[PDB]
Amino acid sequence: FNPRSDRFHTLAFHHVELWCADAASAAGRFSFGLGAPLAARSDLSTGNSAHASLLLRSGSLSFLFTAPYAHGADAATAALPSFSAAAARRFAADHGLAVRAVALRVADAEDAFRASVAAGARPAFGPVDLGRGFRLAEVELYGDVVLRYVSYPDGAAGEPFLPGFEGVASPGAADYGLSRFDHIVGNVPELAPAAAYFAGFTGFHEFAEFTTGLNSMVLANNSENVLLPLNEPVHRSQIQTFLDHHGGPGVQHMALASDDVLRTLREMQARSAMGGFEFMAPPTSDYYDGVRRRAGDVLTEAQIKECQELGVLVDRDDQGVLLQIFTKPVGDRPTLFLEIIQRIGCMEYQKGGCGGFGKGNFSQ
């Protein structure tokens, strides 16, 4: 059942912004670890004396890393009008490396902002004109994470990012096959008030529910190409550990999709030792006898063999299979981690959520 109850036209994921201690360090390591070359910048070298922002890109995946300058800063040169230097300094201290903004492209950032706050959204940054048709607004998502709306005409899709961001070419830099954001998951202490608030102001509909040490709900836009789950603890748990160390609600993981995840993972795992991302240790060997039974009709024996070699997990639902693997936490604290995935099947384009989210795997 899809009621298509979006209160505003929600087109797709646009970017994720991490407010960093040092944007050069975080973007540099993520570039190497993910195979996502630098694609745009706004900083002192482009006339922005308020914040340093670096935009990494792989396929349609856009990661924005932003840090505040401390001295000589003219707040009027910020390419992101919502930026506040003291808020970013506090944010990095409160959390370590952490997602500040989940950004969706909407038909009209002002219309989405107005509809959101009328339906209970706590305003974060009222809509502004970024220039030549670009609009931006923010509302509170959970904790100190904001849901950012950006809008611009389709004819502007050739531009690097947002006004004020200069493009950066990547001639001698190829990617590792990461193609798109699939889902972004938040942890909250109480799912029911947080889901009621968030689904309430967006009109996003329940896509999936898993109850089980967590209770989870997946919220989706009309087309279900925007997937934004929320988790709560039950009652020591993985969700509570996050909340304690993080200091509040926050983004727990971002799932990044590839059309060939085994090839992507071989490249990422070659980088782990020297400063890329380490991955969770592979399951016991009997896990993959299970994979042969549950998915041996759609995965070849060789593919399952590669899955075992690289440690990837396999789950399946009705007519779809999910390959997934998780990184260890990507900052200092046991909080944020990444999920790298491939979805197989549900070609009806591919229907969102094909293969589910890995519920079958929590018996590791």
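All residue numbers are counted from 1 along the displayed sequence.
In this entry, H235 and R236 are separated by 4 to 9 residues of the deposited sequence that lack coordinates. Remark: stretch with higher mean C-alpha B factor among 24 to 32 and 310 to 318 is 310 to 318. The mean Cα B-factor in the deposited entry runs higher for 350 to 358 than for the other of 13 to 21 and 350 to 358. As recorded in the PDB entry, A302 shows the highest C-alpha B-factor of the residues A40, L61, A67, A302. Of the candidates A118, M274, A199, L104, the one whose C-alpha carries the top B factor in the deposited record is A118. Ranked against the other modelled residues of its chain, the C-alpha B-factor of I184 as given in the entry falls in the lowest third.
Among the modelled residues of its chain, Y288 has a C-alpha B-factor that falls in the middle third according to the deposited record. Annotation for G177: C-alpha temperature factor in the lowest third relative to the rest of the modelled chain, per the entry.
In this PDB entry, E209 carries a Cα temperature factor that places it within the highest third of its chain's modelled residues. Per the deposited record, the Cα B-factor of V168 falls in the highest third when ranked against the other modelled residues of its chain.
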